[PDB]
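work_30.csv (CSV, N, CA and C atoms)
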```csv
chain,number,residue,atom,x,y,z
A,3,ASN,N,129.0,118.6,142.3
A,3,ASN,CA,128.6,117.9,141.0
A,3,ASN,C,127.1,117.8,140.9
A,4,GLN,N,126.5,119.0,140.8
A,4,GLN,CA,125.0,119.1,140.9
A,4,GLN,C,124.2,118.6,139.7
A,5,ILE,N,123.3,117.6,140.0
A,5,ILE,CA,122.4,117.0,139.1
A,5,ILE,C,121.0,117.2,139.6
A,6,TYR,N,120.2,117.9,138.9
A,6,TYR,CA,118.8,118.2,139.4
A,6,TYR,C,117.8,117.4,138.5
A,7,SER,N,116.6,117.3,139.0
A,7,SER,CA,115.4,116.8,138.3
A,7,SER,C,114.7,118.0,137.7
A,8,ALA,N,114.3,118.0,136.4
A,8,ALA,CA,113.7,119.1,135.7
A,8,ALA,C,112.7,118.6,134.7
A,9,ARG,N,112.0,119.5,134.1
A,9,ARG,CA,111.1,119.1,133.0
A,9,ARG,C,111.0,120.2,132.0
A,10,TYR,N,111.1,119.9,130.8
A,10,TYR,CA,111.0,120.9,129.7
A,10,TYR,C,110.1,120.3,128.6
A,11,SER,N,109.2,121.0,128.1
A,11,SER,CA,108.2,120.7,127.0
A,11,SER,C,107.6,119.3,127.1
A,12,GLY,N,107.1,119.0,128.2
A,12,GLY,CA,106.6,117.6,128.5
A,12,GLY,C,107.6,116.6,128.8
A,13,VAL,N,108.9,116.9,128.8
A,13,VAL,CA,109.9,115.8,129.0
A,13,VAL,C,110.6,116.0,130.3
A,14,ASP,N,110.6,114.9,131.2
A,14,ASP,CA,111.3,114.9,132.4
A,14,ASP,C,112.8,114.6,132.2
A,15,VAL,N,113.7,115.3,132.8
A,15,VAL,CA,115.1,115.0,132.6
A,15,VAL,C,115.9,115.0,133.9
A,16,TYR,N,117.1,114.6,133.9
A,16,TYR,CA,118.1,114.8,134.8
A,16,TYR,C,119.1,115.9,134.2
A,17,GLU,N,119.4,117.0,134.9
A,17,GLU,CA,120.2,118.0,134.4
A,17,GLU,C,121.5,118.2,135.2
A,18,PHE,N,122.6,118.0,134.5
A,18,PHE,CA,123.9,118.1,135.1
A,18,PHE,C,124.5,119.5,134.9
A,19,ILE,N,124.6,120.3,135.9
A,19,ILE,CA,125.1,121.7,135.7
A,19,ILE,C,126.6,121.6,135.4
A,20,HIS,N,127.0,121.8,134.2
A,20,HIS,CA,128.5,121.6,133.9
A,20,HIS,C,128.9,123.0,133.8
A,21,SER,N,130.2,123.2,133.9
A,21,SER,CA,131.0,124.5,133.6
A,21,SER,C,130.5,125.0,132.2
A,22,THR,N,130.3,124.2,131.2
A,22,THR,CA,129.9,124.8,129.9
A,22,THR,C,128.4,125.0,129.6
A,23,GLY,N,127.6,124.6,130.6
A,23,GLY,CA,126.1,124.7,130.4
A,23,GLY,C,125.5,123.4,131.0
A,24,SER,N,124.2,123.5,130.9
A,24,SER,CA,123.5,122.3,131.4
A,24,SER,C,123.6,121.1,130.5
A,25,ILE,N,123.9,120.0,131.0
A,25,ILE,CA,123.7,118.7,130.2
A,25,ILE,C,122.6,117.8,130.7
A,26,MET,N,121.8,117.3,129.8
A,26,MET,CA,120.5,116.7,130.1
A,26,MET,C,120.5,115.2,129.7
A,27,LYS,N,119.9,114.4,130.6
A,27,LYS,CA,119.6,113.0,130.4
A,27,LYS,C,118.1,112.8,130.6
A,28,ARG,N,117.3,112.2,129.7
A,28,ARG,CA,115.9,112.1,129.7
A,28,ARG,C,115.6,110.8,130.6
A,29,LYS,N,114.6,111.1,131.5
A,29,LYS,CA,114.3,110.0,132.4
A,29,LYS,C,113.6,108.8,131.8
A,30,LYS,N,112.7,109.0,130.8
A,30,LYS,CA,112.0,107.9,130.1
A,30,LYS,C,112.9,106.9,129.5
A,31,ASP,N,114.0,107.2,128.9
A,31,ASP,CA,114.7,106.3,128.1
A,31,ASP,C,116.2,106.5,128.2
A,32,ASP,N,116.8,107.4,129.1
A,32,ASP,CA,118.2,107.5,129.2
A,32,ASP,C,118.9,108.0,127.9
A,33,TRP,N,118.1,108.6,127.0
A,33,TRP,CA,118.9,109.3,125.9
A,33,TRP,C,119.6,110.5,126.5
A,34,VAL,N,120.6,111.0,125.8
A,34,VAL,CA,121.4,112.1,126.3
A,34,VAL,C,121.5,113.1,125.1
A,35,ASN,N,121.4,114.4,125.3
A,35,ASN,CA,121.5,115.5,124.4
A,35,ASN,C,123.0,115.6,123.8
A,36,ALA,N,123.3,115.0,122.7
A,36,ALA,CA,124.5,115.1,122.0
A,36,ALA,C,125.0,116.5,121.7
A,37,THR,N,124.1,117.5,121.5
A,37,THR,CA,124.5,118.9,121.4
A,37,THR,C,125.2,119.3,122.7
A,38,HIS,N,124.6,119.0,123.9
A,38,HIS,CA,125.2,119.3,125.1
A,38,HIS,C,126.6,118.6,125.2
A,39,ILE,N,126.8,117.3,125.0
A,39,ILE,CA,128.1,116.7,125.0
A,39,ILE,C,129.1,117.6,124.2
A,40,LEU,N,128.8,117.9,123.0
A,40,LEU,CA,129.6,118.7,122.1
A,40,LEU,C,129.9,120.1,122.7
A,41,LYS,N,129.0,120.7,123.4
A,41,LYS,CA,129.3,122.0,124.0
A,41,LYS,C,130.3,121.7,125.1
A,42,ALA,N,130.1,120.6,125.8
A,42,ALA,CA,131.1,120.3,126.9
A,42,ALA,C,132.5,120.0,126.3
A,43,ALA,N,132.7,119.7,125.1
A,43,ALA,CA,134.1,119.6,124.6
A,43,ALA,C,134.6,120.9,124.1
A,44,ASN,N,133.9,122.0,124.3
A,44,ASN,CA,134.2,123.4,124.0
A,44,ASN,C,134.1,123.6,122.4
A,45,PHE,N,133.3,122.9,121.7
A,45,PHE,CA,133.1,123.1,120.3
A,45,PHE,C,132.2,124.2,120.0
A,46,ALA,N,132.6,125.1,119.1
A,46,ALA,CA,131.7,126.2,118.6
A,46,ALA,C,130.6,125.6,117.7
A,47,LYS,N,129.6,126.4,117.5
A,47,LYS,CA,128.4,126.1,116.8
A,47,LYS,C,128.5,125.5,115.4
A,48,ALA,N,129.2,126.1,114.5
A,48,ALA,CA,129.4,125.5,113.2
A,48,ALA,C,130.2,124.2,113.3
A,49,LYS,N,131.2,124.2,114.3
A,49,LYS,CA,131.9,122.8,114.4
A,49,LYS,C,130.8,121.8,114.9
A,50,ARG,N,130.1,122.1,116.0
A,50,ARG,CA,129.0,121.2,116.5
A,50,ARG,C,128.1,120.6,115.4
A,51,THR,N,127.5,121.5,114.6
A,51,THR,CA,126.8,121.1,113.4
A,51,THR,C,127.5,120.2,112.4
A,52,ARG,N,128.8,120.4,112.1
A,52,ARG,CA,129.5,119.5,111.2
A,52,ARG,C,129.6,118.1,111.9
A,53,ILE,N,130.0,118.0,113.2
A,53,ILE,CA,130.2,116.7,113.8
A,53,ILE,C,128.8,116.0,114.0
A,54,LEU,N,127.8,116.8,114.2
A,54,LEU,CA,126.4,116.3,114.3
A,54,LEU,C,126.1,115.6,112.9
A,55,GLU,N,126.2,116.5,111.9
A,55,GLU,CA,125.9,116.3,110.6
A,55,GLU,C,126.8,115.3,109.9
A,56,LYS,N,127.8,114.8,110.4
A,56,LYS,CA,128.6,113.7,109.7
A,56,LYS,C,128.2,112.5,110.6
A,57,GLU,N,129.1,112.2,111.6
A,57,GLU,CA,128.8,111.2,112.6
A,57,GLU,C,127.4,111.0,113.0
A,58,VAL,N,126.9,111.7,114.0
A,58,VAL,CA,125.6,111.4,114.7
A,58,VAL,C,124.4,111.2,113.9
A,59,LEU,N,124.1,112.0,112.9
A,59,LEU,CA,122.9,111.9,112.1
A,59,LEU,C,122.8,110.7,111.3
A,60,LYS,N,123.8,109.9,111.2
A,60,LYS,CA,123.8,108.6,110.4
A,60,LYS,C,123.4,107.5,111.4
A,61,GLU,N,123.4,107.7,112.7
A,61,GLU,CA,123.0,106.6,113.6
A,61,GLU,C,121.7,107.0,114.3
A,62,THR,N,121.3,106.2,115.3
A,62,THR,CA,120.0,106.5,115.9
A,62,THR,C,120.0,107.8,116.7
A,63,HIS,N,118.9,108.6,116.6
A,63,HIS,CA,118.9,109.9,117.2
A,63,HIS,C,117.5,110.5,117.0
A,64,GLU,N,117.3,111.6,117.6
A,64,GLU,CA,116.1,112.4,117.4
A,64,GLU,C,116.7,113.9,117.4
A,65,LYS,N,116.2,114.7,116.5
A,65,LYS,CA,116.7,116.0,116.3
A,65,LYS,C,115.7,117.0,116.8
A,66,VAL,N,115.9,117.3,118.1
A,66,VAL,CA,114.8,118.1,118.7
A,66,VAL,C,114.9,119.6,118.3
A,67,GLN,N,114.0,120.0,117.4
A,67,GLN,CA,114.0,121.4,117.0
A,67,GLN,C,112.7,122.1,117.4
A,68,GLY,N,112.7,123.2,118.1
A,68,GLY,CA,111.5,124.1,118.3
A,68,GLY,C,111.0,124.6,119.5
A,69,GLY,N,111.6,124.4,120.7
A,69,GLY,CA,111.1,124.8,122.0
A,69,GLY,C,112.1,125.4,123.0
A,70,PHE,N,112.1,124.9,124.2
A,70,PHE,CA,113.0,125.4,125.2
A,70,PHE,C,114.4,125.3,124.7
A,71,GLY,N,115.1,126.5,124.7
A,71,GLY,CA,116.4,126.6,124.3
A,71,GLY,C,117.4,125.6,124.8
A,72,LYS,N,117.3,125.3,126.1
A,72,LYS,CA,118.3,124.4,126.6
A,72,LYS,C,117.9,122.9,126.6
A,73,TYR,N,116.8,122.6,126.0
A,73,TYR,CA,116.3,121.2,125.8
A,73,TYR,C,116.7,120.8,124.4
A,74,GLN,N,116.6,121.8,123.5
A,74,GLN,CA,116.8,121.6,122.1
A,74,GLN,C,118.1,120.9,121.7
A,75,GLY,N,118.2,120.3,120.5
A,75,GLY,CA,119.4,119.6,120.1
A,75,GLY,C,119.1,118.2,119.6
A,76,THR,N,120.3,117.6,119.3
A,76,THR,CA,120.2,116.2,118.9
A,76,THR,C,120.4,115.2,120.0
A,77,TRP,N,119.4,114.3,120.2
A,77,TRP,CA,119.4,113.4,121.3
A,77,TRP,C,119.7,112.0,120.9
A,78,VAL,N,120.5,111.1,121.5
A,78,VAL,CA,120.9,109.8,121.1
A,78,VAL,C,120.8,108.9,122.3
A,79,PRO,N,120.7,107.6,122.0
A,79,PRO,CA,120.8,106.6,123.1
A,79,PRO,C,121.9,106.7,124.0
A,80,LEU,N,121.8,106.3,125.3
A,80,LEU,CA,122.9,106.3,126.3
A,80,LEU,C,124.3,105.8,125.8
A,81,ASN,N,124.3,104.6,125.2
A,81,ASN,CA,125.5,104.0,124.7
A,81,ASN,C,126.1,104.8,123.6
A,82,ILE,N,125.3,105.4,122.7
A,82,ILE,CA,126.0,106.3,121.7
A,82,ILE,C,126.5,107.6,122.3
A,83,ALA,N,125.8,108.1,123.4
A,83,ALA,CA,126.3,109.3,124.0
A,83,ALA,C,127.7,109.1,124.7
A,84,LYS,N,127.8,108.0,125.4
A,84,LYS,CA,129.0,107.5,126.0
A,84,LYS,C,130.2,107.4,125.0
A,85,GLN,N,129.9,106.8,123.9
A,85,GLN,CA,130.9,106.8,122.8
A,85,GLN,C,131.3,108.2,122.4
A,86,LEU,N,130.4,109.1,122.0
A,86,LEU,CA,130.8,110.4,121.6
A,86,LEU,C,131.6,111.1,122.7
A,87,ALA,N,131.2,110.9,124.0
A,87,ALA,CA,131.9,111.7,125.0
A,87,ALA,C,133.3,111.2,125.1
A,88,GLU,N,133.5,109.9,125.0
A,88,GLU,CA,134.8,109.2,125.0
A,88,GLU,C,135.6,109.7,123.7
A,89,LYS,N,134.8,109.8,122.6
A,89,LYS,CA,135.5,110.2,121.4
A,89,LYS,C,136.1,111.6,121.6
A,90,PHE,N,135.5,112.5,122.2
A,90,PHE,CA,136.0,113.9,122.4
A,90,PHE,C,136.5,114.2,123.8
A,91,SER,N,136.9,113.1,124.5
A,91,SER,CA,137.3,113.0,125.8
A,91,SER,C,136.7,114.0,126.8
A,92,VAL,N,135.4,113.8,127.0
A,92,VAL,CA,134.6,114.6,127.9
A,92,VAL,C,133.8,113.5,128.7
A,93,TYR,N,134.3,112.3,128.5
A,93,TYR,CA,133.6,111.1,129.1
A,93,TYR,C,133.7,111.2,130.7
A,94,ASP,N,134.9,111.5,131.1
A,94,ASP,CA,135.1,111.6,132.6
A,94,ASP,C,134.4,112.7,133.3
A,95,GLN,N,134.2,113.9,132.6
A,95,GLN,CA,133.4,114.9,133.2
A,95,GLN,C,131.9,114.6,133.3
A,96,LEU,N,131.4,113.8,132.3
A,96,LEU,CA,129.9,113.6,132.2
A,96,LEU,C,129.4,112.3,132.8
A,97,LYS,N,130.4,111.5,133.3
A,97,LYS,CA,130.3,110.3,134.1
A,97,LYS,C,129.2,110.5,135.1
A,98,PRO,N,129.3,111.5,135.9
A,98,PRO,CA,128.2,111.7,137.0
A,98,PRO,C,126.9,111.7,136.3
A,99,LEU,N,126.6,112.4,135.2
A,99,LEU,CA,125.4,112.3,134.5
A,99,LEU,C,125.2,111.0,133.9
A,100,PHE,N,126.2,110.4,133.3
A,100,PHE,CA,125.9,109.0,132.8
A,100,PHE,C,125.9,108.1,134.0
```
Write-out of the structure in structure tokens:
Amino acid sequence: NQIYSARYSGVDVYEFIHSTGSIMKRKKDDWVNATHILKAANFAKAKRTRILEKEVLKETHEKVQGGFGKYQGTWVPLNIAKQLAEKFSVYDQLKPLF
């Protein structure tokens, strides 16, 4: 259940190596990349954008666009990431990172 310490574009993170890709938690504030959670539920790109674009973008978040490929995406507070994960029942796999 490999969790490493990493840094991308000035941001320090914890990176959980999941089967579907790396999932990231930011060390400064415990926000979690909601695009990674959605990739962990096996959602394809257009579906990820719709779920982003309905749900997530109406609550607190930051839309990271522009740099390292695996850092990019929509980031949200820890409690909203846990909700999403539980909503698409990926909560138990990402527990180690949470």
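Interatomic distance, CA of residue 33 (chain A) to atom C of residue 80 (chain A): 6.4 Å.
If you look at CA of residue 53 (chain A) and CA of residue 73 (chain A), they are 18.9 Å away from each other.
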Please measure the separation of CA of residue 4 (chain A) and atom N of residue 50 (chain A), giving the value in Å to one decimal.
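Interatomic distance, CA of residue 4 (chain A) to atom N of residue 50 (chain A): 25.6 Å.
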Counting all atoms listed in the file, which residues sit no farther than 8 Å from the position (110.2, 120.0, 124.9) in the file's frame? I'd like them as a ChimeraX atom specification.
/A:9-13,66,68-70,73-74
Alpha helix (DSSP H) per DSSP on the backbone: members of chain A, as a PDB file with N, CA and C atoms, keeping the file's coordinate frame:
```pdb
ATOM      1  N   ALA A  36     123.300 115.000 122.700  1.00  0.00           N
ATOM      2  CA  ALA A  36     124.500 115.100 122.000  1.00  0.00           C
ATOM      3  C   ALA A  36     125.000 116.500 121.700  1.00  0.00           C
ATOM      4  N   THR A  37     124.100 117.500 121.500  1.00  0.00           N
ATOM      5  CA  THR A  37     124.500 118.900 121.400  1.00  0.00           C
ATOM      6  C   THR A  37     125.200 119.300 122.700  1.00  0.00           C
ATOM      7  N   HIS A  38     124.600 119.000 123.900  1.00  0.00           N
ATOM      8  CA  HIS A  38     125.200 119.300 125.100  1.00  0.00           C
ATOM      9  C   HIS A  38     126.600 118.600 125.200  1.00  0.00           C
ATOM     10  N   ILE A  39     126.800 117.300 125.000  1.00  0.00           N
ATOM     11  CA  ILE A  39     128.100 116.700 125.000  1.00  0.00           C
ATOM     12  C   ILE A  39     129.100 117.600 124.200  1.00  0.00           C
ATOM     13  N   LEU A  40     128.800 117.900 123.000  1.00  0.00           N
ATOM     14  CA  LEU A  40     129.600 118.700 122.100  1.00  0.00           C
ATOM     15  C   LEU A  40     129.900 120.100 122.700  1.00  0.00           C
ATOM     16  N   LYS A  41     129.000 120.700 123.400  1.00  0.00           N
ATOM     17  CA  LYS A  41     129.300 122.000 124.000  1.00  0.00           C
ATOM     18  C   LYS A  41     130.300 121.700 125.100  1.00  0.00           C
ATOM     19  N   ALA A  42     130.100 120.600 125.800  1.00  0.00           N
ATOM     20  CA  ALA A  42     131.100 120.300 126.900  1.00  0.00           C
ATOM     21  C   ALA A  42     132.500 120.000 126.300  1.00  0.00           C
ATOM     22  N   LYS A  47     129.600 126.400 117.500  1.00  0.00           N
ATOM     23  CA  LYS A  47     128.400 126.100 116.800  1.00  0.00           C
ATOM     24  C   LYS A  47     128.500 125.500 115.400  1.00  0.00           C
ATOM     25  N   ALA A  48     129.200 126.100 114.500  1.00  0.00           N
ATOM     26  CA  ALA A  48     129.400 125.500 113.200  1.00  0.00           C
ATOM     27  C   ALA A  48     130.200 124.200 113.300  1.00  0.00           C
ATOM     28  N   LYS A  49     131.200 124.200 114.300  1.00  0.00           N
ATOM     29  CA  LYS A  49     131.900 122.800 114.400  1.00  0.00           C
ATOM     30  C   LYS A  49     130.800 121.800 114.900  1.00  0.00           C
ATOM     31  N   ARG A  50     130.100 122.100 116.000  1.00  0.00           N
ATOM     32  CA  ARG A  50     129.000 121.200 116.500  1.00  0.00           C
ATOM     33  C   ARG A  50     128.100 120.600 115.400  1.00  0.00           C
ATOM     34  N   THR A  51     127.500 121.500 114.600  1.00  0.00           N
ATOM     35  CA  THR A  51     126.800 121.100 113.400  1.00  0.00           C
ATOM     36  C   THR A  51     127.500 120.200 112.400  1.00  0.00           C
ATOM     37  N   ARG A  52     128.800 120.400 112.100  1.00  0.00           N
ATOM     38  CA  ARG A  52     129.500 119.500 111.200  1.00  0.00           C
ATOM     39  C   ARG A  52     129.600 118.100 111.900  1.00  0.00           C
ATOM     40  N   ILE A  53     130.000 118.000 113.200  1.00  0.00           N
ATOM     41  CA  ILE A  53     130.200 116.700 113.800  1.00  0.00           C
ATOM     42  C   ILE A  53     128.800 116.000 114.000  1.00  0.00           C
ATOM     43  N   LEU A  54     127.800 116.800 114.200  1.00  0.00           N
ATOM     44  CA  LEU A  54     126.400 116.300 114.300  1.00  0.00           C
ATOM     45  C   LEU A  54     126.100 115.600 112.900  1.00  0.00           C
ATOM     46  N   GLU A  55     126.200 116.500 111.900  1.00  0.00           N
ATOM     47  CA  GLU A  55     125.900 116.300 110.600  1.00  0.00           C
ATOM     48  C   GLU A  55     126.800 115.300 109.900  1.00  0.00           C
ATOM     49  N   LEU A  80     121.800 106.300 125.300  1.00  0.00           N
ATOM     50  CA  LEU A  80     122.900 106.300 126.300  1.00  0.00           C
ATOM     51  C   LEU A  80     124.300 105.800 125.800  1.00  0.00           C
ATOM     52  N   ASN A  81     124.300 104.600 125.200  1.00  0.00           N
ATOM     53  CA  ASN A  81     125.500 104.000 124.700  1.00  0.00           C
ATOM     54  C   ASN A  81     126.100 104.800 123.600  1.00  0.00           C
ATOM     55  N   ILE A  82     125.300 105.400 122.700  1.00  0.00           N
ATOM     56  CA  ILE A  82     126.000 106.300 121.700  1.00  0.00           C
ATOM     57  C   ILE A  82     126.500 107.600 122.300  1.00  0.00           C
ATOM     58  N   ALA A  83     125.800 108.100 123.400  1.00  0.00           N
ATOM     59  CA  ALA A  83     126.300 109.300 124.000  1.00  0.00           C
ATOM     60  C   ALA A  83     127.700 109.100 124.700  1.00  0.00           C
ATOM     61  N   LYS A  84     127.800 108.000 125.400  1.00  0.00           N
ATOM     62  CA  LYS A  84     129.000 107.500 126.000  1.00  0.00           C
ATOM     63  C   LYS A  84     130.200 107.400 125.000  1.00  0.00           C
ATOM     64  N   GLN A  85     129.900 106.800 123.900  1.00  0.00           N
ATOM     65  CA  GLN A  85     130.900 106.800 122.800  1.00  0.00           C
ATOM     66  C   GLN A  85     131.300 108.200 122.400  1.00  0.00           C
ATOM     67  N   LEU A  86     130.400 109.100 122.000  1.00  0.00           N
ATOM     68  CA  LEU A  86     130.800 110.400 121.600  1.00  0.00           C
ATOM     69  C   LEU A  86     131.600 111.100 122.700  1.00  0.00           C
ATOM     70  N   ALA A  87     131.200 110.900 124.000  1.00  0.00           N
ATOM     71  CA  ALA A  87     131.900 111.700 125.000  1.00  0.00           C
ATOM     72  C   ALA A  87     133.300 111.200 125.100  1.00  0.00           C
ATOM     73  N   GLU A  88     133.500 109.900 125.000  1.00  0.00           N
ATOM     74  CA  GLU A  88     134.800 109.200 125.000  1.00  0.00           C
ATOM     75  C   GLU A  88     135.600 109.700 123.700  1.00  0.00           C
ATOM     76  N   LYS A  89     134.800 109.800 122.600  1.00  0.00           N
ATOM     77  CA  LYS A  89     135.500 110.200 121.400  1.00  0.00           C
ATOM     78  C   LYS A  89     136.100 111.600 121.600  1.00  0.00           C
ATOM     79  N   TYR A  93     134.300 112.300 128.500  1.00  0.00           N
ATOM     80  CA  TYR A  93     133.600 111.100 129.100  1.00  0.00           C
ATOM     81  C   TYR A  93     133.700 111.200 130.700  1.00  0.00           C
ATOM     82  N   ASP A  94     134.900 111.500 131.100  1.00  0.00           N
ATOM     83  CA  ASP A  94     135.100 111.600 132.600  1.00  0.00           C
ATOM     84  C   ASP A  94     134.400 112.700 133.300  1.00  0.00           C
ATOM     85  N   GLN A  95     134.200 113.900 132.600  1.00  0.00           N
ATOM     86  CA  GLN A  95     133.400 114.900 133.200  1.00  0.00           C
ATOM     87  C   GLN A  95     131.900 114.600 133.300  1.00  0.00           C
ATOM     88  N   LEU A  96     131.400 113.800 132.300  1.00  0.00           N
ATOM     89  CA  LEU A  96     129.900 113.600 132.200  1.00  0.00           C
ATOM     90  C   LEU A  96     129.400 112.300 132.800  1.00  0.00           C
TER      91      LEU A  96
END
```
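Among A:14, A:94, A:61, A:55, the residue with the shortest atom-to-atom distance to residue 27 (chain A), counting only C-alpha atoms, is A:14.
Excluding region 35-37 of chain A itself and any same-chain residue fewer than 2 positions from it, the protein and nucleic acid residues within 7 Å of it, counting all atoms listed in the file, are residues 25, 26, 27, 28, 33, 39, 40, 41, 42, 74, 75, 76, 77, 78 and 83 of chain A.
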Minimum-distance residue to residue 79 (chain A), chosen among A:59, A:47, A:93, A:31 (using only N, CA and C atoms)
A:31
Mind checking DSSP for chain A and telling me the strand (DSSP E or B) residues as a ChimeraX atom specification?
/A:5-10,13-20,23-28,34-35,64-66,75-78
Using all atoms listed in the file: which of A:8, A:34, A:19, A:43 has the shortest distance to residue 92 (chain A):
A:43
